Enquirer: 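What follows is a single structure, and I will ask about it in a moment.
Quick note: numbers below take in every heavy atom, side chains included, and nothing from hydrogens, waters or symmetry partners. Chain naming here is simple, since letters A, B, ... match the order of the sequence lines and numbering starts at 1 in each.
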There are 2 protein chains.
Amino acid sequence: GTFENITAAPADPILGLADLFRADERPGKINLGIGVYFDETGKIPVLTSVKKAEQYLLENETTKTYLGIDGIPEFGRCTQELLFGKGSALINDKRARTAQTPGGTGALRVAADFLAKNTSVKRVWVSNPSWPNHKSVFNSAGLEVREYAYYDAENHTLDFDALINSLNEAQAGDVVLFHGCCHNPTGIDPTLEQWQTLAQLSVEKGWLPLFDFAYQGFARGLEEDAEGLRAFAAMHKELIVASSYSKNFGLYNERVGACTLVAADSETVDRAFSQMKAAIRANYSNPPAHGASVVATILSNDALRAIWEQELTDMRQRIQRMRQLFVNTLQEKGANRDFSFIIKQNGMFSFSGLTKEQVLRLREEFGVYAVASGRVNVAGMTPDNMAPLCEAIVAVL
Amino acid sequence: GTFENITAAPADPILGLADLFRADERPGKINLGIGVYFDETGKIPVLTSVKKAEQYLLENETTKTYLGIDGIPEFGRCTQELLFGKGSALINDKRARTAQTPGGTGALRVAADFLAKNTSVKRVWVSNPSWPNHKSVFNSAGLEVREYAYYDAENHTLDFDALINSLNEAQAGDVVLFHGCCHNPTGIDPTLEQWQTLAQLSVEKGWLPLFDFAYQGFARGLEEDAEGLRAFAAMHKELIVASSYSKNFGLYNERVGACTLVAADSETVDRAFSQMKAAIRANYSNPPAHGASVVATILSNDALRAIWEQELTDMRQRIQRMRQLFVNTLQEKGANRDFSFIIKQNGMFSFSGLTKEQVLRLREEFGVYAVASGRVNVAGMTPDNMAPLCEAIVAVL
Ligand SMILES: Cc1ncc(COP(=O)(O)O)c(C=O)c1O
Ligand SMILES: Cc1ncc(COP(=O)(O)O)c(C=O)c1O
C-alpha cells in the first residue's frame, strides 16, 4: 500500500477552528477566527458593486474560452496603478509585469516556485508572528524560512530595534517578506519613516523585497496604505508584490489575486516573467476568470469604482468603530487590564494578548472562537454580540 | 541582481501557438490548435445550461465567503457518481475523497505535490505521445517522468504489445498515468477488454494508477466513457483520478476540476486526504467557487441536467460529423493518401500524420494553425472553413 505509511496532517490553525465552530451546537457562539468581513447584521455580504458587475458579465459574456497564462490584461494594468500610482515611473518604463493568480496565496506560491527554480534564492525571511500559511507556501517550494522579530508584546508596538538586529544575518540575495499594511496578526505597521529606513537598509544589504498586500484600503486608504511599498519601489531595482482582492472586494471564494514582478528594465522583467508563466502553466495552467473579471470591470468603470470605494470606506470605518466600542465595553464590563492599544492597531485583526489557555477557555466555556495565538477578528464584532463577548473575556482575565 | 541572469522560457507548444494566431492579421486564418469546442458558426459558445445556472447564482448568492479547502461538498459527491456510478461500492464504503481543484491541470499538480511530499513515489509513467504539459506538471513537483509506448504510427492504431513491453520496466510503487477516454493527442483509446487486461496487470505489478479524465462524454457517453476507470476501480485498493469540467461544460476559463483519492478503507483515505488538503492550502488555499457552483447546480437539478446532457450530446455528434466531412472533403480536394483512420479516433483531436515541416507550411503559407505534432482540433472544423482547410492540407502533401 502506497498510502499506508502516510502521517496525518495537523489541523490548520485557522481553518480547523472554523470546522470546530460549525460543529458546536451551543446557541450564541461568536466567530472571531477567520479573516472575513461581517456587517452589523453578523453576515458576510456580497458588495453591491460586485453584484452590479456580475449582472453585466452575465449579460455580455459570449464565451468561456481560456484566458492567457497571465490572465486578463486590464486586470494587471489596474493592479499596477493601484500599487504604484497612476503615473508611476515603474509603469512608464515598463519595468513591471503582473500575473493574475488564484488569490493572494496563489500569488505567493507562484513567486515561491518561480524563485526556487530560476534563481539562487534559498532563504525567505518572515516576521514573527505572521500569517501561519506563509511558511507552508514557501516551504512547499523547498525554500528555507527564517523569522525576524517584529512585535513588542510589552508595549504593544513595533519592536523596531529588535527587527533591525534580527535581520542582520539576512544576506544579499535573501528574500525578506513585508506586510504592505495591516500586519497579520498584530495590526501594527511601520510608520512612513520606518518604511524609508527599511528601504535604505534593504538596498544596502541587497535583499530581494517581497510585499504581501492582502488588505490595501483597510488601514487609512488605498493610496496611503501603499506608501511603504512605493518608498521601496523608488529605491529598488527588483521586488515582488503578491496582492489579494479577497478582502477589499469581498471576493474570498472567487480567488482573485496578482503577482507583480519588477526588474531593472523592460527586457529583464519580460525575460523573468516568461519563467513565471512557465511555473503557472505547470501548476494550474491559467487563472479563473469570473472573480478577476469582476474586479477589472469595477476598476475600469468610473461609476462602479466610486461605489466600491465608498463600500470599502464603509467596511474600514465600521471596523474602527468596533475597535473603540470593544475597548469601551471591556471597561464597562470591569476589565482591569488596559486594552487601549487596540485602537492603535490597523485592519481586521489585533493581538489581544490572551494566552493560549485563555483562548481555550473562551472557546469551551463561552463559545467564543479566536485563533490560539490570541488573534481576534474585530470585523466579527457587532453591537449585538459585543456585550456577551466582553463578559466572556473579563471572565477569563 | 537576482533576475538579471534568468533564461527566457520557451513558448508553450499549445498556448504559444494561440498567441501567434491572435497576432496573425490575415482574415482567413483557421485555428485547429487549442482544445476548445466551436459550433457550426465558428464561435466558442456558453452552454445554455451554464447561462441559466449563472442566472440562478446571481439572484440567490448571498455571500462569497471562503469554501473549505476541498470545495463545495455537493460538487465532490456528484463528481464521484459520474466517475464510479450511482451505487458504486467505493462510494458506499466511503473509500473515496474528492477535492475541488482549479481545472484538471490543478488536479494533476495537487496529486503530484501530494505524492512527492507524503509518499515514496519518485517516478510517473506517461504515454508517448501525450498531453505536452503532463511532463511539466510532474517534473515541477520533483517527480521523474518515464514514457511508455502507445501509438503505432504505421497502422494509426494502439500498439498494445509495445505498451506492455514498455510498462514491464515500471516497478511497484510507480505511478502509471492513463487517459480515461479520448486519448490526447491520438484519439485512440483501449477497448473494454484491453482496459481489463491493464487492470489485472496493474494489480499484479503493484502500480498506482492515475487517471486523467478531461473528456468524459466525448467518446461514446458519460457512462460508457468511464468503463475503463470502473474496471480499474473494481480491482485496486488505491488510485487517483484527476478530472476536468473545462471541456464537457465549456467552462474553460473558470477552472473547474477535481482530484479524487481512493484508498483501501475509509480510515486510510481520510488520513491521506488530510495531507492532500495540506498541499492545497500551501498552493492556492481554497478553490474558485463560480465554476464549480455552476457544475453542481446543473448536476443537482434534473431539468438543468437534462439540458446539459443534450448539449453535450450535440457537441459529441457535431465532432463526429466533422470527422466524416473532413475525410470526404479531403478526397474531393485531391488527397491521394487514405485518411479513413480519422473516423476511428475519438474526441476532439486527431493525429493527422502531417510532419512538423508540413504543419509549419500550413501556418506560414495558408494561415492554418495546428500543433507541431500534427494534432488537429476537429471541433475547430466547420462546414464554412472545411473546403479552404482541406485545400491547404492537399497543397502540402
Ligand atoms: C497577509 C496575508 N496574505 C495572504 C492571505 C491570503 O489571501 P487569499 O485568501 O486571497 O489567498 C491573507 C489572508 O488570508 C493574509 O492575511
Ligand atoms: C488530457 C488532458 N488532461 C488535462 C487537461 C487540462 O485541462 P484543464 O483546462 O481543465 O486544466 C487537458 C486539456 O486542457 C487534457 O487534454
Enquirer: For the CD1 atom of B:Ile69 and the CD atom of B:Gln100, what is their distance to the nearest 0.5 Å?
Expert: 12.5 Å

Enquirer: Search all heavy atoms of A:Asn92 against all heavy atoms of A:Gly87 and return the closest pair with its distance.
Expert: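 Looks like ND2-O, 3.9 Å.
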
Enquirer: When the ring planes of A:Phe349 and A:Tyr215 are compared, do they come out parallel, tilted or perpendicular, using 30° and 60° as the limits?
Expert: perpendicular

Enquirer: Any heavy-atom pair between the side chains of A:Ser293 and A:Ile72 that's under 4.5 Å?
Expert: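 A side-chain contact under 4.5 Å exists here.
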
Enquirer: Could you give the distance from CD (A:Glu267) to CZ (A:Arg95), rounded to the nearest 0.5 Å?
Expert: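 So the CD of A:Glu267 and the CZ of A:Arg95 are separated by 13.5 Å.
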
Enquirer: I need the full list of side-chain hydrogen bond (donor to acceptor under 3.5 Å, both in side chains) pairs touching residues 233-242 of chain A, with sequence neighbours left out, sorted by first then second residue.
Expert: A:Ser202-A:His236

Enquirer: Is there a donor-acceptor contact under 3.5 Å from the side chain of B:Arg109 to the main chain of A:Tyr284?
Expert: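 No.
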
Enquirer: Would the distance check show the side chain of A:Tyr148 and the main-chain N or O of A:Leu177 forming a donor-acceptor pair, the cut-off being under 3.5 Å?
Expert: yes

Enquirer: How about B:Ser244 and B:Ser246: does a side-chain donor come under 3.5 Å of a side-chain acceptor?
Expert: yes

Enquirer: Mind checking whether A:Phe138 and A:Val175 have side chains closer than 4.5 Å, heavy atoms only?
Expert: no

Enquirer: For A:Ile280 and A:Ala99, which heavy atoms make the closest approach, and how far apart are they?
Expert: CD1-CB, 3.8 Å

Enquirer: Between the side chain of A:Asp189 and the main-chain N/O of A:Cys182, is any donor-acceptor distance below 3.5 Å?
Expert: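 At least one qualifying donor-acceptor pair exists.
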
Enquirer: Using only atom types and a distance under 3.5 Å, with no angle test, would you say the side chain of A:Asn248 pairs donor to acceptor with the backbone of A:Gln216?
Expert: yes

Enquirer: Measuring from atom CG of A:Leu210 to atom CH2 of A:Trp125, what distance do you get when rounded to the nearest 0.5 angstrom?
Expert: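 Nearest 0.5 Å value for the CG-CH2 distance: 15.5 Å.
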
Enquirer: Looking at B:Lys135, I want to see if its NZ is surrounded by more than 12 non-hydrogen atoms of other residues, nucleotides or ligands under 6.0 Å.
Expert: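 Not more than 12 within 6.0 Å, no.
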
Enquirer: Evaluate the side-chain proximity of A:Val269 to B:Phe3: yes if any heavy-atom separation is below 4.5 Å, no if none is.
Expert: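 In short, these two side chains do not touch, never coming nearer than 4.5 Å.
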
Enquirer: Is a donor on one side and an acceptor on the other found under 3.5 Å between the side chain of B:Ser274 and the backbone of A:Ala9?
Expert: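 A pair under 3.5 Å: yes.
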
Enquirer: Would you say A:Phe213 and A:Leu82 make side-chain contact, with heavy atoms under 4.5 Å?
Expert: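 Not in contact.
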
Enquirer: Quick one: do B:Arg281 and A:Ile14 satisfy side chain to side chain contact (heavy atoms under 4.5 Å, CB included)? Show the steps, please.
Expert: CA-CA 11 Å; B:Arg281 174 63 156 166; A:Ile14 300 178; 4.2 Å; yes

Enquirer: Under the criterion side-chain hydrogen bond (donor to acceptor under 3.5 Å, both in side chains), I'd like the reasoning laid out for A:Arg77 against A:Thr98: C-alpha separation, chi angles, the key distance, then a yes or no.
Expert: CA-CA 8 Å; A:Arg77 194 215 68 186; A:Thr98 298; over 6 Å; no

Enquirer: Among side-chain atoms of B:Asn139 and B:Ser136, is any donor-acceptor pair under 3.5 angstrom?
Expert: no

Enquirer: For a 4.5 angstrom cut-off between non-hydrogen side-chain atoms, does A:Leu299 reach A:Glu81?
Expert: no

Enquirer: Check for a donor-acceptor pair, side chain of A:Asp225 on one end and backbone N or O of A:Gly217 on the other, with a separation under 3.5 Å.
Expert: yes

Enquirer: Report yes if the side chains of A:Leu222 and A:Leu312 come closer than 4.5 Å at any heavy-atom pair, otherwise no.
Expert: yes

Enquirer: Closer than 3.5 angstrom, by distance alone: can the side chain of B:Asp113 be matched with the main-chain N or O of B:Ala141 as a donor-acceptor pair?
Expert: no

Enquirer: Using a 4.5 Å cut-off on heavy atoms from C-beta on, say whether the side chain of A:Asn283 contacts that of B:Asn283.
Expert: yes

Enquirer: Side chain to side chain contact (heavy atoms under 4.5 Å, CB included) between A:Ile240 and A:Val262: does it pass, once the steps are laid out?
Expert: CA-CA 6 Å; A:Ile240 303 173; A:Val262 181; over 6 Å; no

Enquirer: Can you establish whether the number of heavy atoms outside A:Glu169 located under 6.0 Å from its atom CD is more than 12?
Expert: no

Enquirer: So which atom in A:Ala214 and which in A:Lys247 form the shortest heavy-atom distance, rounded to 0.1 Å?
Expert: O-CG, 3.1 Å

Enquirer: Quick one: pull up OG1 in A:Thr197 and CG in A:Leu192 and give me the separation to the nearest 0.5 Å.
Expert: 9.5 Å

Enquirer: Do B:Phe114 and B:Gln275 come within less than 4.5 Å of each other through their side chains, counting heavy atoms only?
Expert: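 Yes, close enough: below the 4.5 Å cut-off.
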
Enquirer: Could you walk me through whether A:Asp70 and A:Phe273 pass the side chain to side chain contact (heavy atoms under 4.5 Å, CB included) test, one step at a time?
Expert: CA-CA 9 Å; A:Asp70 51 331; A:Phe273 193 58; 3.7 Å; yes

Enquirer: Parallel, tilted or perpendicular, judged at 30° and 60°: which one describes the rings of A:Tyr245 and A:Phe75?
Expert: perpendicular

Enquirer: Give a yes or no answer on whether the side chain of B:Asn31 reaches the backbone of B:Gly33 with a donor-acceptor pair at less than 3.5 Å.
Expert: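 Yes, the answer is positive, given that a donor and an acceptor are paired below the 3.5 Å cut-off.
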
Enquirer: Indicate whether the side chain of B:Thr101 and that of B:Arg255 have a donor and an acceptor atom separated by less than 3.5 Å.
Expert: no

Enquirer: Check the pair A:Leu198, A:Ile164 against side chain to side chain contact (heavy atoms under 4.5 Å, CB included), reporting the backbone distance first and the verdict last.
Expert: CA-CA 8 Å; A:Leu198 288 176; A:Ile164 299 301; 3.7 Å; yes

Enquirer: Parallel, tilted or perpendicular for A:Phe178 and A:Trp195, by the 30°/60° rule?
Expert: perpendicular

Enquirer: Side chains of A:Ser130 and A:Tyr150 only: does a donor on one sit below 3.5 Å from an acceptor on the other?
Expert: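 No, no side-chain donor-acceptor pair sits under 3.5 Å.
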
Enquirer: Are the side chain of A:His179 and the backbone of A:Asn184 linked by a donor-acceptor contact shorter than 3.5 Å?
Expert: yes

Enquirer: Taking atom types as modelled, is there a side-chain donor on A:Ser127 or A:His134 under 3.5 Å from an acceptor on the other?
Expert: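 No pair is found: no donor N or O on one side chain lies under 3.5 Å from an acceptor on the other.
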
Enquirer: Hey, is the main chain of A:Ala149 close enough, under 3.5 Å, to the side chain of A:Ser166 for a donor-acceptor pair?
Expert: yes

Enquirer: Working to the nearest 0.5 Å, report the span between CZ of A:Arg97 and CG of A:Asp270.
Expert: 4.0 Å

Enquirer: B:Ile6 and A:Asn118: which non-hydrogen atoms are nearest, and at how many Å?
Expert: CG1-O, 3.5 Å

Enquirer: From B:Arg123 CZ over to B:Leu208 CG, what is the distance, rounded to the nearest 0.5 angstrom?
Expert: 13.5 Å

Enquirer: Please report whether the ring centroid of A:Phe232 lies less than 6.0 Å from that of A:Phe211.
Expert: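 Ring centres of A:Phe232 and A:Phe211 closer than 6.0 Å.
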
